[PDB]
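Printed here is entry-v6.cif (mmCIF, C-alpha atoms):
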```
data_data
loop_
_atom_site.label_atom_id
_atom_site.label_comp_id
_atom_site.auth_asym_id
_atom_site.auth_seq_id
_atom_site.Cartn_x
_atom_site.Cartn_y
_atom_site.Cartn_z
CA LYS A 31 32.36 -85.24 -80.82
CA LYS A 32 30.31 -87.95 -79.13
CA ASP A 33 28.27 -86.26 -76.36
CA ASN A 34 29.02 -89.13 -73.96
CA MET A 35 32.13 -87.52 -72.42
CA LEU A 36 31.82 -84.68 -69.92
CA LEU A 37 33.96 -82.44 -67.69
CA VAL A 38 33.97 -82.37 -63.88
CA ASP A 39 32.20 -79.42 -62.21
CA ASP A 40 31.46 -78.34 -58.63
CA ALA A 41 28.69 -80.12 -56.72
CA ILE A 42 25.28 -78.76 -55.76
CA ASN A 43 23.94 -82.04 -54.37
CA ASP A 44 26.13 -82.74 -51.34
CA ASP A 45 25.22 -86.44 -51.28
CA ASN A 46 28.01 -88.99 -51.79
CA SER A 47 26.53 -91.36 -54.37
CA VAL A 48 25.18 -88.87 -56.91
CA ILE A 49 26.01 -86.87 -60.03
CA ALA A 50 23.97 -84.10 -61.63
CA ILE A 51 23.16 -83.88 -65.33
CA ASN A 52 21.05 -81.24 -67.06
CA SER A 53 17.71 -82.01 -68.71
CA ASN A 54 18.95 -81.06 -72.20
CA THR A 55 21.59 -83.72 -71.52
CA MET A 56 18.90 -86.26 -70.65
CA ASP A 57 17.16 -85.95 -74.03
CA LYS A 58 20.59 -86.06 -75.68
CA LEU A 59 21.22 -89.33 -73.84
CA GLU A 60 18.30 -91.32 -72.41
CA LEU A 61 18.68 -91.57 -68.62
CA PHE A 62 16.58 -90.94 -65.52
CA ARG A 63 16.51 -89.73 -61.93
CA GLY A 64 16.89 -93.21 -60.44
CA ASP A 65 19.30 -94.50 -63.08
CA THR A 66 22.61 -95.77 -61.71
CA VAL A 67 25.47 -94.78 -64.01
CA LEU A 68 29.09 -95.93 -64.26
CA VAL A 69 31.67 -93.14 -64.22
CA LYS A 70 35.07 -94.08 -65.66
CA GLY A 71 37.75 -91.41 -65.31
CA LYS A 72 41.54 -91.26 -65.57
CA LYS A 73 44.11 -93.65 -64.08
CA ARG A 74 41.92 -96.53 -65.28
CA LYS A 75 39.51 -96.12 -62.35
CA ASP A 76 35.73 -96.17 -62.04
CA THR A 77 32.76 -95.34 -59.81
CA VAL A 78 28.96 -95.67 -59.73
CA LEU A 79 26.49 -92.87 -58.96
CA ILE A 80 22.87 -91.75 -59.35
CA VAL A 81 22.08 -89.28 -62.14
CA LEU A 82 19.71 -86.43 -61.27
CA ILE A 83 18.28 -83.57 -63.34
CA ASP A 84 20.04 -80.28 -62.48
CA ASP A 85 19.03 -77.00 -64.12
CA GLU A 86 22.28 -75.22 -63.24
CA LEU A 87 24.50 -78.01 -64.59
CA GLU A 88 24.46 -76.99 -68.29
CA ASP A 89 24.97 -79.88 -70.71
CA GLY A 90 28.71 -80.17 -71.41
CA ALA A 91 30.05 -81.08 -67.97
CA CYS A 92 28.69 -82.76 -64.83
CA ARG A 93 28.50 -81.93 -61.13
CA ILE A 94 30.08 -84.43 -58.73
CA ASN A 95 30.99 -84.01 -55.06
CA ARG A 96 34.62 -84.16 -53.98
CA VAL A 97 34.24 -87.80 -52.87
CA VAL A 98 33.25 -89.12 -56.30
CA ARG A 99 35.77 -86.75 -57.86
CA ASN A 100 38.48 -88.31 -55.67
CA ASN A 101 37.66 -91.95 -56.43
CA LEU A 102 38.05 -91.17 -60.14
CA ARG A 103 41.37 -89.39 -59.51
CA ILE A 104 40.09 -86.29 -61.32
CA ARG A 105 39.93 -82.57 -60.52
CA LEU A 106 37.51 -79.73 -61.22
CA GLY A 107 38.14 -79.20 -64.94
CA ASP A 108 38.98 -82.72 -66.09
CA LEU A 109 37.17 -84.88 -68.63
CA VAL A 110 35.42 -88.17 -67.84
CA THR A 111 33.44 -90.71 -69.84
CA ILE A 112 29.96 -91.49 -68.51
CA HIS A 113 27.89 -94.54 -69.45
CA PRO A 114 25.02 -96.43 -67.80
CA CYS A 115 25.17 -99.92 -66.30
CA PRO A 116 21.96 -101.67 -65.18
CA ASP A 117 23.72 -105.04 -65.41
CA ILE A 118 24.75 -104.33 -61.81
CA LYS A 119 22.27 -105.61 -59.24
CA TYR A 120 21.68 -105.79 -55.50
CA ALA A 121 24.62 -106.74 -53.30
CA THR A 122 25.13 -110.03 -51.49
CA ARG A 123 27.68 -108.58 -49.08
CA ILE A 124 30.05 -105.63 -48.64
CA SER A 125 33.46 -105.10 -47.05
CA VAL A 126 34.20 -101.58 -45.80
CA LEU A 127 37.01 -100.52 -43.47
CA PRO A 128 37.65 -97.18 -41.72
CA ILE A 129 40.84 -95.29 -42.57
CA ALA A 130 42.93 -95.00 -39.39
CA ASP A 131 43.46 -91.23 -39.14
CA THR A 132 39.72 -90.55 -39.54
CA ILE A 133 38.87 -92.64 -36.45
CA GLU A 134 41.82 -91.80 -34.18
CA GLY A 135 40.16 -90.98 -30.86
CA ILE A 136 36.86 -92.86 -30.88
CA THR A 137 35.88 -96.53 -30.77
CA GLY A 138 32.82 -98.78 -30.62
CA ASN A 139 29.96 -99.50 -33.01
CA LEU A 140 30.79 -97.77 -36.29
CA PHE A 141 28.02 -99.70 -38.04
CA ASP A 142 25.08 -98.49 -35.94
CA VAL A 143 26.40 -94.93 -35.90
CA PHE A 144 27.81 -94.27 -39.39
CA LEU A 145 27.24 -97.14 -41.82
CA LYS A 146 23.70 -98.17 -40.83
CA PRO A 147 22.00 -94.81 -41.44
CA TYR A 148 24.24 -94.03 -44.43
CA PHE A 149 23.28 -97.03 -46.57
CA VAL A 150 19.73 -97.43 -45.23
CA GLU A 151 16.93 -97.33 -47.82
CA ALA A 152 19.18 -95.45 -50.26
CA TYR A 153 20.41 -98.64 -51.93
CA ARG A 154 23.63 -96.84 -52.81
CA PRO A 155 25.57 -98.02 -55.88
CA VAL A 156 29.08 -98.64 -54.53
CA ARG A 157 32.29 -99.98 -56.08
CA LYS A 158 35.40 -101.86 -54.98
CA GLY A 159 38.19 -99.38 -54.25
CA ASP A 160 35.73 -96.61 -53.43
CA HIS A 161 36.39 -94.38 -50.43
CA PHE A 162 33.22 -92.74 -49.11
CA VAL A 163 32.53 -90.29 -46.29
CA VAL A 164 29.98 -90.32 -43.45
CA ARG A 165 29.38 -87.31 -41.20
CA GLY A 166 28.17 -87.87 -37.64
CA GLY A 167 29.24 -87.58 -34.02
CA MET A 168 31.07 -84.28 -34.58
CA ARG A 169 33.43 -85.81 -37.15
CA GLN A 170 33.60 -87.36 -40.63
CA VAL A 171 34.86 -90.92 -41.02
CA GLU A 172 36.28 -92.34 -44.25
CA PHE A 173 35.72 -96.00 -45.12
CA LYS A 174 37.17 -97.86 -48.12
CA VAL A 175 35.20 -100.56 -49.91
CA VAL A 176 37.61 -103.49 -49.80
CA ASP A 177 35.34 -106.18 -51.25
CA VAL A 178 31.91 -106.92 -52.71
CA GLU A 179 30.49 -110.31 -53.72
CA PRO A 180 28.60 -109.27 -56.92
CA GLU A 181 31.71 -108.46 -59.06
CA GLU A 182 33.55 -105.07 -58.88
CA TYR A 183 30.36 -103.00 -58.38
CA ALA A 184 27.04 -103.58 -56.62
CA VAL A 185 24.07 -101.93 -54.88
CA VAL A 186 23.29 -101.74 -51.13
CA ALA A 187 19.62 -102.73 -50.78
CA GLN A 188 18.21 -103.23 -47.25
CA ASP A 189 18.80 -106.99 -47.60
CA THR A 190 22.46 -106.49 -48.52
CA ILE A 191 24.84 -107.62 -45.78
CA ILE A 192 27.24 -104.89 -44.65
CA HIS A 193 30.40 -106.25 -43.02
CA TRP A 194 32.70 -103.76 -41.29
CA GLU A 195 35.87 -104.77 -39.35
CA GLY A 196 37.91 -102.60 -36.87
CA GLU A 197 41.56 -102.61 -38.16
CA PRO A 198 42.43 -99.09 -39.67
CA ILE A 199 45.30 -97.93 -41.88
CA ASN A 200 47.79 -95.33 -43.23
CA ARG A 201 46.98 -92.91 -46.14
CA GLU A 202 50.00 -94.18 -48.17
CA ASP A 203 47.55 -96.09 -50.47
CA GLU A 204 45.90 -92.86 -51.64
CA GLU A 205 49.25 -91.61 -52.99
CA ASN A 206 49.85 -94.79 -55.00
CA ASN A 207 46.54 -93.86 -56.61
CA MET A 208 47.71 -90.31 -57.35
CA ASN A 209 51.31 -91.16 -58.20
CA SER B 321 8.70 -118.03 -62.89
CA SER B 322 10.73 -120.45 -65.12
CA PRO B 323 13.35 -119.16 -67.65
CA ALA B 324 10.68 -119.69 -70.41
CA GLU B 325 7.79 -118.25 -68.35
CA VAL B 326 9.65 -114.87 -67.75
CA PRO B 327 9.87 -113.78 -71.45
CA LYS B 328 6.14 -114.74 -71.64
CA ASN B 329 5.55 -112.67 -68.44
CA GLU B 330 7.18 -109.63 -70.11
CA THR B 331 5.15 -110.28 -73.30
CA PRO B 332 1.79 -109.63 -71.41
CA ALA B 333 3.14 -106.51 -69.75
CA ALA B 334 4.55 -105.19 -73.09
CA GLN B 335 1.33 -105.89 -75.09
CA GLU B 336 -1.39 -105.90 -72.33
CA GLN B 337 -1.59 -102.14 -71.63
CA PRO B 338 -2.64 -99.44 -74.16
CA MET B 339 -0.09 -97.42 -76.13
CA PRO B 340 -1.90 -94.92 -78.38
CA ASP B 341 0.86 -93.25 -80.57
CA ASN B 342 -1.20 -90.02 -81.01
CA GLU B 343 -1.45 -89.41 -77.22
CA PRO B 344 2.34 -88.27 -76.89
CA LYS B 345 0.78 -84.78 -77.21
CA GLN B 346 1.19 -84.79 -73.37
CA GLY B 347 4.62 -86.50 -73.65
CA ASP B 348 5.72 -90.07 -74.31
CA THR B 349 7.05 -91.49 -71.03
CA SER B 350 9.51 -94.21 -70.06
CA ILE B 351 9.61 -95.94 -66.69
CA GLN B 352 12.41 -98.03 -65.30
CA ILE B 353 11.34 -100.43 -62.53
CA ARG B 354 13.75 -101.45 -59.78
CA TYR B 355 12.45 -104.77 -58.53
CA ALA B 356 13.56 -106.36 -55.27
CA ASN B 357 13.53 -109.78 -57.11
CA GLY B 358 17.29 -109.60 -57.18
CA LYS B 359 18.09 -106.33 -58.98
CA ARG B 360 15.68 -106.90 -61.90
CA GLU B 361 14.75 -104.08 -64.28
CA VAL B 362 12.16 -103.65 -66.95
CA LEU B 363 11.33 -100.47 -68.82
CA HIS B 364 8.52 -99.09 -71.08
CA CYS B 365 5.19 -97.11 -70.96
CA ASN B 366 2.89 -94.59 -72.70
CA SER B 367 1.88 -90.89 -72.39
CA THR B 368 -0.33 -90.39 -69.35
CA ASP B 369 -0.95 -93.45 -67.25
CA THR B 370 -1.12 -94.06 -63.47
CA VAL B 371 1.17 -95.32 -60.73
CA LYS B 372 -1.35 -98.15 -60.13
CA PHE B 373 -0.86 -99.11 -63.86
CA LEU B 374 2.84 -99.59 -63.03
CA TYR B 375 1.76 -101.79 -60.07
CA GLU B 376 -0.47 -103.69 -62.58
CA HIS B 377 2.61 -103.94 -64.93
CA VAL B 378 4.63 -105.51 -62.07
CA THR B 379 1.90 -108.12 -61.53
CA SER B 380 1.47 -108.76 -65.27
CA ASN B 381 5.29 -108.97 -65.69
CA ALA B 382 5.57 -111.56 -62.87
CA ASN B 383 3.18 -113.97 -61.04
CA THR B 384 5.11 -114.26 -57.71
CA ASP B 385 4.76 -110.45 -57.08
CA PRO B 386 0.91 -110.11 -57.07
CA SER B 387 0.31 -111.86 -53.71
CA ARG B 388 3.30 -110.04 -52.16
CA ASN B 389 2.71 -106.66 -50.47
CA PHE B 390 5.04 -103.88 -51.64
CA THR B 391 5.38 -100.11 -52.29
CA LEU B 392 7.01 -97.94 -54.94
CA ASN B 393 9.48 -94.98 -54.77
CA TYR B 394 12.00 -92.64 -56.40
CA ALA B 395 15.46 -92.72 -54.61
CA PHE B 396 17.62 -89.80 -53.23
CA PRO B 397 14.82 -87.72 -52.03
CA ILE B 398 13.14 -91.02 -51.04
CA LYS B 399 9.53 -90.27 -51.97
CA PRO B 400 7.11 -93.16 -51.34
CA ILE B 401 4.80 -93.25 -54.30
CA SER B 402 1.56 -93.06 -52.29
CA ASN B 403 -1.90 -92.36 -53.70
CA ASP B 404 -1.72 -95.27 -56.25
CA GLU B 405 -4.14 -93.59 -58.66
CA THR B 406 -1.83 -90.48 -59.08
CA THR B 407 -0.93 -89.80 -62.70
CA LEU B 408 2.71 -89.83 -63.93
CA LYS B 409 2.41 -86.12 -64.68
CA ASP B 410 1.46 -85.17 -61.07
CA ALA B 411 4.07 -87.34 -59.36
CA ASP B 412 7.05 -86.00 -61.43
CA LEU B 413 7.47 -89.65 -62.61
CA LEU B 414 8.39 -88.68 -66.16
CA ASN B 415 11.26 -90.69 -67.57
CA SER B 416 12.29 -91.40 -63.93
CA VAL B 417 13.36 -94.63 -62.16
CA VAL B 418 10.75 -96.31 -59.93
CA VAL B 419 12.16 -98.68 -57.22
CA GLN B 420 10.02 -101.40 -55.65
CA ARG B 421 10.30 -102.25 -51.97
CA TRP B 422 8.51 -105.17 -50.26
#
```
Let's see the structure in the file written out as structure tokens.
Amino acid sequence: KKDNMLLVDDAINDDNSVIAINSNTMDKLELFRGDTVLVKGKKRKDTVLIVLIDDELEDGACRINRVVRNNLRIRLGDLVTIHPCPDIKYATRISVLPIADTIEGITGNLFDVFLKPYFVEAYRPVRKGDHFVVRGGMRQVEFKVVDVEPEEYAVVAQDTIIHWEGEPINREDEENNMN
Amino acid sequence: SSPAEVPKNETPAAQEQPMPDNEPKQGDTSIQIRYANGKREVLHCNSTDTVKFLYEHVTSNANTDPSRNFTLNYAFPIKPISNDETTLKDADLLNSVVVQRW
């Protein structure tokens, strides 16, 4: 058994772009707190997150919040293959769009409110097809990464250009991911 | 730096700074630098060094960077690596990614 495949567990760190590994897992596979790792789960899908030492994790399975868990189309108690990718580098531009039913009611500057503070100084490692979540203004909006310039996956440094547009959509696409 | 100057730039940084192989008594240590150069990353290091020695490694590893002002961090709790003298042991910077921000 190659120790490079791990099961999905509940999340301690409530952040979106993050997964938690245990320290005895770190010596078993060289990685660090800042390291950006590629998660490839079932249904031929992927995602990118930050690994972080977690004492409670126990080396055998990893903690990931429900947002990462969703993008990989996995559940609590499913296996995933983890492997690092530093080939990815800072983004040139990004293309996120709000899902309609998560913005029904409000309008205006979604960038300044949600996206700007969410990506700021975190240089998040996103992916095309990802659907992330931002809490603010007494609600939680869901955007989907529709396009990035630096291949399928890239990072959101302060210089990276975040382009949001205002047309929203139906949740039919999620099902075609689950079906 | 030219395509041929960069490998040479890494060559200084790789051989310039002490690695004594009997000092891992305090723990051998590996840094991963996240440069703002475009998403550039270099690794390495030895036992007990300093954050400023990483700053010196940046400068030795590339000639454009020395005249530029910048700071260092770890991401997700977003700690600015202040107190440039601070040892790797005291800053929790053991095996951990260090991002650079101009």
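Every residue of chain A that lies within 7 Å of chain B is listed here, counting only C-alpha atoms: residues 62, 63, 64, 65, 119, 120 and 152 of chain A.
When all atoms listed in the file are used to compute distances to residue 83 of chain A, the closest of the residues A:67, A:175, A:125, A:53 turns out to be A:53.
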Quick one: residues within 9 Å of segment 185-195 of chain A, all atoms listed in the file counted, chain neighbours fewer than 2 positions away excluded, as a PyMOL selection string?
-> (chain A and resi 118-128+140-141+145-146+149-157+180+183+197-198) or (chain B and resi 356+359)
Go through the shown structure with the PyMOL selection byres ((chain A and resi 135) around 12) and write out the matching residues as JSON, numbers by chain.
-> {"A": [130, 131, 132, 133, 134, 136, 137, 138, 167, 168, 169, 171]}
Just the selected residues (C-alpha atoms), exported as a PDB file, in the frame of the given file, please.
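The resulting result.pdb:
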```
ATOM      1  CA  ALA A 130      42.930 -95.000 -39.390  1.00  0.00           C
ATOM      2  CA  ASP A 131      43.460 -91.230 -39.140  1.00  0.00           C
ATOM      3  CA  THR A 132      39.720 -90.550 -39.540  1.00  0.00           C
ATOM      4  CA  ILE A 133      38.870 -92.640 -36.450  1.00  0.00           C
ATOM      5  CA  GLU A 134      41.820 -91.800 -34.180  1.00  0.00           C
ATOM      6  CA  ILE A 136      36.860 -92.860 -30.880  1.00  0.00           C
ATOM      7  CA  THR A 137      35.880 -96.530 -30.770  1.00  0.00           C
ATOM      8  CA  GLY A 138      32.820 -98.780 -30.620  1.00  0.00           C
ATOM      9  CA  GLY A 167      29.240 -87.580 -34.020  1.00  0.00           C
ATOM     10  CA  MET A 168      31.070 -84.280 -34.580  1.00  0.00           C
ATOM     11  CA  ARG A 169      33.430 -85.810 -37.150  1.00  0.00           C
ATOM     12  CA  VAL A 171      34.860 -90.920 -41.020  1.00  0.00           C
TER      13      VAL A 171
END
```
Pick out the residues sitting within 12 Å of residue 382 of chain B, and hand them over as a PyMOL selection string; count all atoms listed in the file, and ignore anything fewer than 5 positions along from it in its own chain.
-> chain B and resi 321-323+325-333+355+357+360-362+375-377+387-388
For C-alpha atoms, I'd like the residues from the last selection saved as a PDB file, keeping the file's coordinate frame.
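Contents of result-v6.pdb, as written:
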```pdb
ATOM      1  CA  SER B 321       8.700-118.030 -62.890  1.00  0.00           C
ATOM      2  CA  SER B 322      10.730-120.450 -65.120  1.00  0.00           C
ATOM      3  CA  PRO B 323      13.350-119.160 -67.650  1.00  0.00           C
ATOM      4  CA  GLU B 325       7.790-118.250 -68.350  1.00  0.00           C
ATOM      5  CA  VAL B 326       9.650-114.870 -67.750  1.00  0.00           C
ATOM      6  CA  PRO B 327       9.870-113.780 -71.450  1.00  0.00           C
ATOM      7  CA  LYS B 328       6.140-114.740 -71.640  1.00  0.00           C
ATOM      8  CA  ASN B 329       5.550-112.670 -68.440  1.00  0.00           C
ATOM      9  CA  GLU B 330       7.180-109.630 -70.110  1.00  0.00           C
ATOM     10  CA  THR B 331       5.150-110.280 -73.300  1.00  0.00           C
ATOM     11  CA  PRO B 332       1.790-109.630 -71.410  1.00  0.00           C
ATOM     12  CA  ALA B 333       3.140-106.510 -69.750  1.00  0.00           C
ATOM     13  CA  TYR B 355      12.450-104.770 -58.530  1.00  0.00           C
ATOM     14  CA  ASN B 357      13.530-109.780 -57.110  1.00  0.00           C
ATOM     15  CA  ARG B 360      15.680-106.900 -61.900  1.00  0.00           C
ATOM     16  CA  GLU B 361      14.750-104.080 -64.280  1.00  0.00           C
ATOM     17  CA  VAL B 362      12.160-103.650 -66.950  1.00  0.00           C
ATOM     18  CA  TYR B 375       1.760-101.790 -60.070  1.00  0.00           C
ATOM     19  CA  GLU B 376      -0.470-103.690 -62.580  1.00  0.00           C
ATOM     20  CA  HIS B 377       2.610-103.940 -64.930  1.00  0.00           C
ATOM     21  CA  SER B 387       0.310-111.860 -53.710  1.00  0.00           C
ATOM     22  CA  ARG B 388       3.300-110.040 -52.160  1.00  0.00           C
TER      23      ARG B 388
END
```
Would you give the centre and edge lengths, in Å to one decimal, of a box along x, y and z around the listed atoms of segment 355-367 of chain B, with 5 Å added to each side, as JSON?
```
{"center_x": 10.0, "center_y": -100.3, "center_z": -64.0, "size_x": 26.2, "size_y": 28.9, "size_z": 27.4}
```
